[PDB]
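Right, one structure below, let's go through it.
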Amino acid sequence: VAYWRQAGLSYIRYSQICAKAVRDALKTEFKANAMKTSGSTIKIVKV
Amino acid sequence: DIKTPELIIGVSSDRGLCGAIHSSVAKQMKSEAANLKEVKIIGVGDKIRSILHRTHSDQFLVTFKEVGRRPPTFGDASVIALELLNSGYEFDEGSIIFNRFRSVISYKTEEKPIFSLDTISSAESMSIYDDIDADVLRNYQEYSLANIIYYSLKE
Amino acid sequence: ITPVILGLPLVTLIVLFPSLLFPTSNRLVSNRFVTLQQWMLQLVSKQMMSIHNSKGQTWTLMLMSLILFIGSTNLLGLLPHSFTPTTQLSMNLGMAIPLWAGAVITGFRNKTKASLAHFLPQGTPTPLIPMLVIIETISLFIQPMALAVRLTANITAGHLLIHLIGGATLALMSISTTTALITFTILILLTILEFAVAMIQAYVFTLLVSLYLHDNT
Amino acid sequence: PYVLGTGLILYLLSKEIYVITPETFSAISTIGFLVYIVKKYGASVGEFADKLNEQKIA
Amino acid sequence: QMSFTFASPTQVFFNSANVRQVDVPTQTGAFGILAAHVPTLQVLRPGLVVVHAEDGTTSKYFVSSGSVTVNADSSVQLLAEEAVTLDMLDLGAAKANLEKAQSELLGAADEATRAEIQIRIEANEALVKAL
Amino acid sequence: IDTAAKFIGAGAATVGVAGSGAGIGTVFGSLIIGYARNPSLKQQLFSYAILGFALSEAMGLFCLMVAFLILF
Amino acid sequence: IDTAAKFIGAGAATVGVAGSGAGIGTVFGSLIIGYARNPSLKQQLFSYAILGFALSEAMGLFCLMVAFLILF
Amino acid sequence: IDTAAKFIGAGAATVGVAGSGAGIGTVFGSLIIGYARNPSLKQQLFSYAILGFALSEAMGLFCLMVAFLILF
Amino acid sequence: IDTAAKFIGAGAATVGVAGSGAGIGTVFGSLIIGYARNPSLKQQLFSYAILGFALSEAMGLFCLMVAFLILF
Amino acid sequence: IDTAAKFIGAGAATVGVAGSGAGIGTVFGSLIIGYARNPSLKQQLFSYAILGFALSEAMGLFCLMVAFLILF
Amino acid sequence: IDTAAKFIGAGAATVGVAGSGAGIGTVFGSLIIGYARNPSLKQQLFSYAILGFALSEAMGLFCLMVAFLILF
Amino acid sequence: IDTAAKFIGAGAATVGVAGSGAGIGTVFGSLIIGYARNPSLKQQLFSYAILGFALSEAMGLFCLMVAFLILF
Amino acid sequence: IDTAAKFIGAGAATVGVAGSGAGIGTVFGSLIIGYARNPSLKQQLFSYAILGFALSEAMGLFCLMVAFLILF
């Protein structure tokens, strides 16, 4: 129960929002790497 | 060490036209699958969905699409990890089946077990491998699931 | 005669109406009346049962009668004045035996010589030392049972001091109110901090004691 | 509401029977009684909804 | 000594390096990781890794999140989701981000919304710490 | 002596209210540092705080009645 | 005797206000470590700290009233 | 003197109830901060709460026995 | 009796400053064990430490005004 | 005087049981916090709690001995 | 009476240093566990320990100012 | 004057043991909660609890020697 | 009166060692819980426990100077 853990929120999620914020942070240069990491082209095959 | 009397999941690529990666996992998930209670399976990649589908049309929990053809990332790892959590399937003792690369001459479809329970980790001597909360535990249990996921994915 | 004689009947009767009214609510009516009053024992069967059993149904209602009797006896000591100084005190002494007997019913009745053999064999009392068991039998019952009289007398003291300090504050500043209203405003809030808390803790003693009864029963 | 009124009456009687208070004793207690009322009636209405619904359900 | 493995997906910063101590912003709060280690698990918050490398030299990072893994071993594993040397972050931007964060919060109105925004605030602010 | 030392005996009996006052600070402090761990505010931790401040001022009502016995 | 031991009876009654002073620090100090775990400042913990400051300074009010009783 | 000192001696042993009333504030405090760690609320911790408040009120009931002996 | 008891009556009210003495050590001590968890030192925590030290020297502003009343 | 000061001295020694009472709560409270951290309840930690109640009641039996010597 | 009550009343004000001495063990103890979580030894933590002990022994120097004003 | 004041001198000197008994509960509690975090129990830490229960009783033998001085 | 008030006044000043007694158990208690968090025992931490037992026995040495001033 952190604002997020009491938002339920995954620590992953939390974390990822952090990471997302890292990407948000940084500098242009290093923003390249943002996209390098991140994301998912995956699809939840719900079955 | 962790245990349970009880997330069997395998890791494959989205596509074939590569080795017997698929075959392995396909095999070895099923190879398991009889043994355990809470039989439920998760497939990351689909060259496992495409072979482990026969009746895994019924025993998958979710399945994940794209893997390769887009290089894996932590980012991603988190994604698949995340929703994975939300689901009442956790450990039947989870296991993760992936292709451990070793060399271009060899990989071994490897597997590890995923203790998807904090709880027995709460139990055991694991009790004092931490000496600090079934909270953060979970948020590591979490994190390590992503880390491994990433890892696995990449291997 | 009449004054003491009217007070104890009043005491009894206030617990009797709830204790009669709820038995009655088991089919009729309810209109306003029965359902309204059923809230009384629904508040008992809601509030006190959140702690009780616990010790188990067997005895639960035996204590809950005393718990309600204590709180109802205090409530009958709570708007009658003069009444808190007398009727709640006479009832605190009339509740004094019940508090003693509550450990008696299963503790001292089954083992007087070592009711800590029923209450706490190893704990506070040293199980290696039957002497300290019998000694702390006072600290867990004989004195706690005296402290339960004091615990209702603690409510009586705190309720009384509100009155007295009121009494003395409105006697000191008989201005109508006026500046005594400031202290008397405090003395009012003091009613909650003293009586309403200690009154609580008084029935909490009956809760725990009789918990310790039927928890070992 | 009717219960509350009965309890107040009983109270006043015990005062009257015993030696009249120092005026203060009564003032504080009666005020202490008053304070609960304003909250209490809001609670008292609410009480009704809970149980009669839980009764009705079973 | 402690063998510090400090890594992120991206790189390994320290790899079982005999660093004396590392100060981390676990979600526990701060924490001064010393030469051998408790069996303890810790969660990382957005704050700094200051890696007191057994040589006086200490490297700084801000880490967003991840885990430090506190072994019975003298092996310490910071697995930072990302922990970056502040080097690659920019203060000006930080401000801008924080502003936004703070701007956003105000309309963050599901707990989660608030929370994430708050992550941003908290985070962005926490960059400002050392930026 | 008789109508004197009882006035200085009610002063020493009011020193027993240094445990009912410093016991409330220890009780209603750990239920503030414990609720910081969260999220058992109602029904559990603060409910036990009512039973924590019941055995704290119980030594104080027993110390306020000891001074009241040396006055009235 | 009547005027003497009433002066030495109010002084020892002022020593009962040593529990409220150390109770005030142990109740507003656990909330100084509660917000250190964060973030319920002006929400739950700081609201209960006032309900913890009142329960401890009341045992200082019930002791200063004994000190004022043996003074007027 | 012979009648004076018993009154001054009963209050002095009533100051020994300041240790029992704060020792109950520490035992019930560390149980309120011992239940936040979870989860065995019933048994173990709060069952030893009365077992820790028995040896700490044992110093009060012995002290209030030395205060009552100088009164009766 | 009148002037004699005014000397051993402000001396017993001077031992009431022991609550404010250790209460300031419990308040400022928790702030030293709070900013160690970091990092809201400037404002939030040390600003609240000035609210806790004033509410602990408040009992010190009521106990030192008692002994200064029995003096002159 | 001689049969008087023995009653205004045996009572002041019962104020030495304030450390034995608040020492029993602190030694048991941290035992209730130590067994909340788990798991060696049966011996090792609660066994040492007996070795902490003894070295804390020893400064309460030596203080009760001096009070009993000035009364009998 | 005018010189006798000045020797036994300067002794009761020496019990006000019981707060400055127990409070100093709380202002330094909560600094020992503070630097244990580390790392700001010089500055921040130990600097806040000096501003805390100064506000702990201040109730010891003012209490020894009311002690020496009764004997000198 | 001579035979009486020595009985009301070893009585107030027994109120110095109120720290040796509570401080031993503080050190043996911190060794009870300290060994919970593990693992240096049969060395290092419980060998520091003997060095703590002695320094606490060091003001409990220095205070006890003064109460044995005023009596015999 | 001249030999009486200096014999009962030297006893009241011995209640200033109750602060240094429990103040020594806390500074040696937080060093037991601090070295439990490990590992800078020799130097830094256990070298500060001497700096914490010296500032606590300084009020003890200040209180033992007062009781020896009315005794010799």
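Labeling convention for the structure tokens: chains A, B, ... as they appear, residues from 1 per chain, ligands from 1 in order of appearance.
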
Please superimpose chain L upon chain I, fitting all C-alpha atoms matched one to one in order, and report the result as a PDB file with C-alpha atoms, in the first residue's frame.
ATOM      1  CA  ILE L   1       4.817  27.453  58.694  1.00  0.00           C
ATOM      2  CA  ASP L   2       4.112  30.346  56.289  1.00  0.00           C
ATOM      3  CA  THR L   3       7.664  31.389  55.315  1.00  0.00           C
ATOM      4  CA  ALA L   4       9.017  27.816  55.130  1.00  0.00           C
ATOM      5  CA  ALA L   5       6.425  25.776  53.174  1.00  0.00           C
ATOM      6  CA  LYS L   6       6.654  28.078  50.129  1.00  0.00           C
ATOM      7  CA  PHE L   7      10.326  27.062  49.742  1.00  0.00           C
ATOM      8  CA  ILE L   8       9.401  23.357  49.936  1.00  0.00           C
ATOM      9  CA  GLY L   9       6.601  23.978  47.411  1.00  0.00           C
ATOM     10  CA  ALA L  10       8.559  25.451  44.494  1.00  0.00           C
ATOM     11  CA  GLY L  11      11.145  22.684  45.010  1.00  0.00           C
ATOM     12  CA  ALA L  12       8.743  19.819  44.326  1.00  0.00           C
ATOM     13  CA  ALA L  13       7.192  21.870  41.490  1.00  0.00           C
ATOM     14  CA  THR L  14      10.575  21.827  39.699  1.00  0.00           C
ATOM     15  CA  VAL L  15      10.232  18.024  39.466  1.00  0.00           C
ATOM     16  CA  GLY L  16       7.655  18.604  36.696  1.00  0.00           C
ATOM     17  CA  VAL L  17      10.419  19.681  34.306  1.00  0.00           C
ATOM     18  CA  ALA L  18      11.692  16.066  34.391  1.00  0.00           C
ATOM     19  CA  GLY L  19       9.257  15.409  31.516  1.00  0.00           C
ATOM     20  CA  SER L  20       9.860  18.521  29.403  1.00  0.00           C
ATOM     21  CA  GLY L  21      13.574  17.660  29.110  1.00  0.00           C
ATOM     22  CA  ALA L  22      13.238  13.920  28.483  1.00  0.00           C
ATOM     23  CA  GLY L  23      10.250  14.345  26.130  1.00  0.00           C
ATOM     24  CA  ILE L  24      12.278  16.821  24.063  1.00  0.00           C
ATOM     25  CA  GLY L  25      14.953  14.109  23.849  1.00  0.00           C
ATOM     26  CA  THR L  26      12.227  11.732  22.639  1.00  0.00           C
ATOM     27  CA  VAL L  27      10.890  14.045  19.900  1.00  0.00           C
ATOM     28  CA  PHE L  28      14.309  15.339  18.731  1.00  0.00           C
ATOM     29  CA  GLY L  29      15.531  11.728  18.733  1.00  0.00           C
ATOM     30  CA  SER L  30      12.597  10.632  16.562  1.00  0.00           C
ATOM     31  CA  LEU L  31      13.477  13.509  14.211  1.00  0.00           C
ATOM     32  CA  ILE L  32      17.139  12.430  14.345  1.00  0.00           C
ATOM     33  CA  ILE L  33      16.200   8.828  13.494  1.00  0.00           C
ATOM     34  CA  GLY L  34      13.339   9.962  11.224  1.00  0.00           C
ATOM     35  CA  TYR L  35      15.509  12.061   8.891  1.00  0.00           C
ATOM     36  CA  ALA L  36      17.807   9.030   8.508  1.00  0.00           C
ATOM     37  CA  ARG L  37      15.078   7.235   6.532  1.00  0.00           C
ATOM     38  CA  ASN L  38      15.035  10.459   4.449  1.00  0.00           C
ATOM     39  CA  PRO L  39      14.400  12.833   2.526  1.00  0.00           C
ATOM     40  CA  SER L  40      11.993  15.501   3.812  1.00  0.00           C
ATOM     41  CA  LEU L  41      14.482  17.232   6.148  1.00  0.00           C
ATOM     42  CA  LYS L  42      14.391  20.903   5.038  1.00  0.00           C
ATOM     43  CA  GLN L  43      10.542  20.669   5.134  1.00  0.00           C
ATOM     44  CA  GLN L  44       7.610  18.533   6.419  1.00  0.00           C
ATOM     45  CA  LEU L  45       9.384  16.522   9.173  1.00  0.00           C
ATOM     46  CA  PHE L  46      11.880  18.924  10.829  1.00  0.00           C
ATOM     47  CA  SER L  47       9.017  21.440  10.731  1.00  0.00           C
ATOM     48  CA  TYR L  48       7.105  18.930  12.884  1.00  0.00           C
ATOM     49  CA  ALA L  49      10.000  18.656  15.375  1.00  0.00           C
ATOM     50  CA  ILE L  50       9.533  22.346  16.237  1.00  0.00           C
ATOM     51  CA  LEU L  51       5.827  21.617  16.841  1.00  0.00           C
ATOM     52  CA  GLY L  52       6.885  18.716  19.099  1.00  0.00           C
ATOM     53  CA  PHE L  53       9.640  20.492  21.066  1.00  0.00           C
ATOM     54  CA  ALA L  54       7.066  23.185  21.890  1.00  0.00           C
ATOM     55  CA  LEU L  55       4.214  20.953  23.130  1.00  0.00           C
ATOM     56  CA  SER L  56       6.788  19.181  25.327  1.00  0.00           C
ATOM     57  CA  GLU L  57       8.060  22.513  26.712  1.00  0.00           C
ATOM     58  CA  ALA L  58       4.386  23.555  27.085  1.00  0.00           C
ATOM     59  CA  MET L  59       4.273  21.448  30.248  1.00  0.00           C
ATOM     60  CA  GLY L  60       7.710  22.968  30.958  1.00  0.00           C
ATOM     61  CA  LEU L  61       6.418  26.546  31.042  1.00  0.00           C
ATOM     62  CA  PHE L  62       3.190  25.625  32.857  1.00  0.00           C
ATOM     63  CA  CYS L  63       5.230  23.833  35.530  1.00  0.00           C
ATOM     64  CA  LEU L  64       7.842  26.628  35.651  1.00  0.00           C
ATOM     65  CA  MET L  65       5.129  29.258  36.245  1.00  0.00           C
ATOM     66  CA  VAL L  66       4.013  27.394  39.400  1.00  0.00           C
ATOM     67  CA  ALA L  67       7.572  27.387  40.801  1.00  0.00           C
ATOM     68  CA  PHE L  68       7.748  31.119  40.021  1.00  0.00           C
ATOM     69  CA  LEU L  69       4.379  31.594  41.770  1.00  0.00           C
ATOM     70  CA  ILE L  70       5.345  29.945  45.085  1.00  0.00           C
ATOM     71  CA  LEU L  71       8.575  31.990  45.257  1.00  0.00           C
ATOM     72  CA  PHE L  72       7.497  35.543  44.312  1.00  0.00           C
TER      73      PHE L  72
END

**Message:** Taking only C-alpha atoms into account, find every residue of chain C that has an atom no more than 12 Å from chain G, and write it out as a ChimeraX atom specification.
**Reply:** /C:157-158,161-162,164-166,168-169,172,183,186-187,189-190,192-194,197

Can I get the selection written as a compact mmCIF listing (two decimals), in the first residue's frame, with N, CA and C atoms?
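Generated file (selection_8.txt):
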# COMPACT_ATOMS: atom_id res chain seq x y z
N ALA C 157 -15.51 7.40 39.41
CA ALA C 157 -14.60 8.46 39.81
C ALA C 157 -14.49 9.52 38.74
N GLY C 158 -14.33 9.12 37.49
CA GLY C 158 -14.23 10.05 36.40
C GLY C 158 -15.53 10.78 36.09
N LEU C 161 -15.97 13.10 39.13
CA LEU C 161 -15.13 14.27 39.10
C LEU C 161 -15.57 15.29 38.12
N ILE C 162 -16.16 14.85 37.04
CA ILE C 162 -16.80 15.76 36.14
C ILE C 162 -17.87 16.50 36.85
N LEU C 164 -18.13 16.83 40.11
CA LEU C 164 -17.56 17.57 41.25
C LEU C 164 -16.86 18.80 40.87
N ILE C 165 -16.09 18.68 39.82
CA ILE C 165 -15.37 19.76 39.23
C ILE C 165 -16.30 20.63 38.49
N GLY C 166 -17.32 20.10 37.82
CA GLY C 166 -18.40 20.93 37.38
C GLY C 166 -18.74 21.78 38.53
N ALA C 168 -18.11 22.34 41.48
CA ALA C 168 -17.16 23.22 41.98
C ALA C 168 -16.86 24.35 41.01
N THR C 169 -16.90 24.13 39.70
CA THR C 169 -16.66 25.17 38.71
C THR C 169 -17.85 26.11 38.57
N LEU C 172 -17.86 27.81 41.88
CA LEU C 172 -16.80 28.80 41.87
C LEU C 172 -17.22 30.00 41.04
N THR C 183 -14.94 26.08 31.44
CA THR C 183 -14.50 24.89 32.15
C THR C 183 -15.59 23.84 32.13
N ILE C 186 -15.51 22.01 28.97
CA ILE C 186 -14.50 20.98 29.12
C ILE C 186 -15.07 19.84 29.95
N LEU C 187 -15.66 20.10 31.11
CA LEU C 187 -16.24 19.10 32.01
C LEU C 187 -17.30 18.22 31.38
N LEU C 189 -17.11 17.51 27.97
CA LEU C 189 -16.25 16.65 27.15
C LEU C 189 -15.49 15.63 27.97
N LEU C 190 -15.22 16.02 29.20
CA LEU C 190 -14.65 15.17 30.17
C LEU C 190 -15.51 13.95 30.50
N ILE C 192 -17.16 12.18 28.32
CA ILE C 192 -16.77 11.18 27.36
C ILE C 192 -15.43 10.59 27.74
N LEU C 193 -14.42 11.41 28.01
CA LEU C 193 -13.07 10.92 28.31
C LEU C 193 -13.00 10.07 29.57
N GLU C 194 -13.86 10.35 30.54
CA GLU C 194 -13.92 9.64 31.80
C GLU C 194 -14.96 8.53 31.71
N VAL C 197 -15.42 6.41 28.30
CA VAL C 197 -14.26 5.54 28.11
C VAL C 197 -14.18 4.47 29.18

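Non-sequential neighbours of residue A:34 (distance at most 12 Å, separation of 4 or more positions within a chain, only C-alpha atoms) are residues 19, 20, 21, 22, 23, 24, 25, 26, 27, 28, 29, 30, 38 and 39 of chain A; 73, 74 and 75 of chain B; 10 and 82 of chain E.
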
**Request:** Tell me the residues of chain B close to chain J, meaning within 10 Å using only C-alpha atoms, as a ChimeraX atom specification.
**Result:** /B:125,127-128,131-133

Pull C-alpha atoms from the residues just selected and write them as an mmCIF file, in the first residue's frame.
data_model
loop_
_atom_site.group_PDB
_atom_site.id
_atom_site.type_symbol
_atom_site.label_atom_id
_atom_site.label_comp_id
_atom_site.auth_asym_id
_atom_site.auth_seq_id
_atom_site.Cartn_x
_atom_site.Cartn_y
_atom_site.Cartn_z
ATOM 1 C CA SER B 125 13.750 -20.758 6.360
ATOM 2 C CA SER B 127 11.483 -16.723 6.554
ATOM 3 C CA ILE B 128 14.859 -15.312 7.371
ATOM 4 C CA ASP B 131 13.973 -10.741 7.387
ATOM 5 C CA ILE B 132 11.814 -7.998 5.595
ATOM 6 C CA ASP B 133 8.121 -8.291 4.340
#

Residues of chain A classed as alpha helix (DSSP H) by DSSP on the backbone are to be reported as a PDB file with C-alpha atoms, in the first residue's frame.
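Done, and the output landed in result.pdb:
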ATOM      1  CA  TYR A  11       5.366  -2.951  -8.178  1.00  0.00           C
ATOM      2  CA  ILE A  12       6.112  -3.806 -11.726  1.00  0.00           C
ATOM      3  CA  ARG A  13       3.605  -1.313 -12.729  1.00  0.00           C
ATOM      4  CA  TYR A  14       4.891   1.163 -10.405  1.00  0.00           C
ATOM      5  CA  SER A  15       8.267   0.336 -11.527  1.00  0.00           C
ATOM      6  CA  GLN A  16       7.407   0.589 -15.106  1.00  0.00           C
ATOM      7  CA  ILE A  17       5.914   3.897 -14.659  1.00  0.00           C
ATOM      8  CA  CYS A  18       9.205   4.760 -13.164  1.00  0.00           C
ATOM      9  CA  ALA A  19      11.026   3.409 -16.114  1.00  0.00           C
ATOM     10  CA  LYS A  20       8.695   5.244 -18.262  1.00  0.00           C
ATOM     11  CA  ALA A  21       9.627   8.234 -16.333  1.00  0.00           C
ATOM     12  CA  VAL A  22      13.252   7.409 -16.886  1.00  0.00           C
ATOM     13  CA  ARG A  23      12.587   7.531 -20.526  1.00  0.00           C
ATOM     14  CA  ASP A  24      10.730  10.662 -19.784  1.00  0.00           C
ATOM     15  CA  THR A  28      17.643  12.996 -26.486  1.00  0.00           C
ATOM     16  CA  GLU A  29      20.756  11.022 -27.064  1.00  0.00           C
ATOM     17  CA  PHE A  30      19.830   8.488 -24.487  1.00  0.00           C
ATOM     18  CA  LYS A  31      16.127   8.658 -25.556  1.00  0.00           C
ATOM     19  CA  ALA A  32      17.133   6.414 -28.381  1.00  0.00           C
ATOM     20  CA  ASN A  33      17.568   3.687 -25.852  1.00  0.00           C
ATOM     21  CA  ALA A  34      14.104   4.329 -24.527  1.00  0.00           C
ATOM     22  CA  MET A  35      12.493   2.694 -27.412  1.00  0.00           C
ATOM     23  CA  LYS A  36      15.279   0.177 -27.461  1.00  0.00           C
TER      24      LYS A  36
END

**Request:** For atom CA of residue B:76 and atom CA of residue E:64, quote the distance in Å rounded to one decimal.
**Result:** 17.1 Å
